[PDB]
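Here's the structure, in structure tokens; my notes come after.
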2 protein chains.
Amino acid sequence: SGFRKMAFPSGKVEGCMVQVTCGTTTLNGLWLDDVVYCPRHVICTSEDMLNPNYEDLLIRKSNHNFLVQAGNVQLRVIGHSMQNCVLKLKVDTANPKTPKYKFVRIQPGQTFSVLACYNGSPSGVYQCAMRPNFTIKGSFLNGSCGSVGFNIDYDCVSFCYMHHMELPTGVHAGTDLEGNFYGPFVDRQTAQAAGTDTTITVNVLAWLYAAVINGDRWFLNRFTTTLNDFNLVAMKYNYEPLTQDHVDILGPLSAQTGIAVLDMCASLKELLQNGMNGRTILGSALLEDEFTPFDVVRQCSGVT
Amino acid sequence: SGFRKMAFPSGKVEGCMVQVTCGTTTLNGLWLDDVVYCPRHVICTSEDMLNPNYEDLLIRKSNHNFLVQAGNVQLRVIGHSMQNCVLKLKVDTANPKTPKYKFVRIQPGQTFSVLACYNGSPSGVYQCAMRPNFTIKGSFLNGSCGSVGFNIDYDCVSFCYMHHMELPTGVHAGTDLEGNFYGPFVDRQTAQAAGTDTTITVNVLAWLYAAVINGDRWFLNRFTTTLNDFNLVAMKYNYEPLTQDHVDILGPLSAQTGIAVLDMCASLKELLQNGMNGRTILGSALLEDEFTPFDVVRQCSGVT
Ligand SMILES: Cc1ccncc1NC(=O)C(C)(C)c1cccc(Cl)c1
Ligand SMILES: Cc1ccncc1NC(=O)C(C)(C)c1cccc(Cl)c1
């Protein structure tokens, strides 16, 4: 039936996007109830970004200096405060389009959808993973700051990411909705290199199970391995070490396909050592790691 | 700044999805104004699908036999008609969430977003291309029929695809919103093999330009080629022949990067003849063909 890098339907999040302007700077904000959330660097000019004292910069700003526009209507700002790297603008009107929501701080290796926005307007939606080094490989241009990452469960949106910065290497860094950066990144125009980015082993295995479920079985072999043997191979190829918690989460996929987790590890071991030999798996020539076991079950079962 | 397989924000389409039930069969419908559009095979049982006479099957059905549910509210059906492979159910209420829309029949090689649905509820959104053989490589399970493909321009949704069938090979076939199938496919449970699927050359070149724009330049070489020389290579590797119309559409990308189209063709020629030698381009180990020149410009400029 096919397997695609699917994002959640973005409707509930589109109705939350606003444009926030402070002085010369314009970026995106997230309007939930009577609060607009946005990156605190909205108060900076490019000149301030080298070494900004956000507390001192925010002191020269009043409620009337933050211009919030939802589509074509202007929101009245009645309060402002800084929480970590985000500003919280209290407005006099609750967003009538506020969905049921939560703020969650996701773990590395977990996935989420991103609704890229510019001037408070959505341009597109794509599926991302929080890398083990706490960066995301997204698609963001200047003006995209404040665009959010999220997951959906039935009718509840769990916001997990707010975009803040592009690193000199082209990868992206941002915060949870409490303004805490994922990783060691600071909201300063300083050289900040992302550490070693490893491959999310449990996600590659989940995607290998998805491949078997959809007919791609050429990589299955007559071998097995042990967690310690597999992890010697995973270390050599900069793969996250596989644990019993990882084996446990792959249980439903192992149950559906009848392929024991350690047997799937032996297929992955041989793919790591030998490569794909010019072949593909689910339309890909590399081992895909941005699908969790939960994503595979969801897509393969039709959860709406 | 990064490059992702981005889909359009799906909000405007989510507000159009309904569940349509006829007898034992449940599938998705598209509610625009006072009309619900859905695949005509909603009137079939699996037994009928072998060789259905849709005209005779529809004769045994009245307005009250089509149950249309939008979320939790029931729509009253006051008319029904068959247009090609789609049924048009006239309801007594115009969808208050109907966006500005058009029905368009796209060309092969063009891209579009798909909002996969089950029981009238959205599960996810992904970007697709209409293959040169008029199939799409999507992700659809039973119950997904009636899910639509679309493009957005400012505030106007151009619906181009409605999902109808999974071929025995795992690829997907469907219609435009007038019920005309893309390709030679019929809505019958018969062996229908998709013809030879070629690579969309103009899209690969557009994606090569996107790679250069984002720093991936290892594949650039000191060579050039001619359209006739390049097309001898394209035929050998089952690539669509490149034409002057294709060169013309790549003009803005050639203007921005300063790399002449025929010089980019020579890079592609060498990638075809030599492979990637274990390297990647925009996180991919194969030549990507599901991004049009328009998609690359849009994503690289921040069009919302
Ligand atoms: C230009 C761009 C592109 C994609 N995402 C983001 C950006 N923007 C940035 O990175 C800027 C605004 C310049 C920045 C600089 C230093 C620290 C922080 Cl928090 C932010
Ligand atoms: C099961 C499924 C999965 C993904 N997309 C679609 C389907 N469904 C089908 O293909 C069915 C309904 C069985 C079918 C059969 C023959 C012709 C037509 Cl038009 C449709």
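Reckoned from all heavy atoms, side chains included, excluding hydrogens, waters and symmetry mates. Each chain gets a letter, A, B and so on, in the order its sequence line appears, and its residues count up from 1. We count ligands from 1, going down the list as the structure has it; atoms in each ligand are counted the same way.
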| query | Using the ring of each side chain (for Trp, its six-membered ring), is B:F140 parallel, tilted or perpendicular to B:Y126, with breaks at 30° and 60°? | reply | perpendicular
| note | Sorted by chain and residue number, the ring-ring contact (aromatic ring centres under 6.0 Å, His included) partners of A:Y37 (sequence neighbours excluded) come out as A:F103
| Which one of A:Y161, A:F150, A:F8, A:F294 satisfies the ring pair (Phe, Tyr, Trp, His ring centres under 6.0 Å) criterion with A:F112? | A:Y161
| query | Where the side chain of A:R4 meets the backbone of B:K137, is there a donor-acceptor pair that is under 3.5 Å apart? | reply | yes
| Any B:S147 side-chain heavy atom under 4.5 Å of B:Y118 side chain | no
Please tabulate protein-ligand N/O pairs under 3.5 Å for ligand 2, atom names and distances to 0.1 Å.
unit_1, atom_1, unit_2, atom_2, d
ligand 2, 5 (N), B:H163, NE2, 2.7
ligand 2, 10 (O), B:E166, N, 3.0

| field | Greater than 12 external heavy atoms within 6.0 Å of A:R105's CZ | value | yes
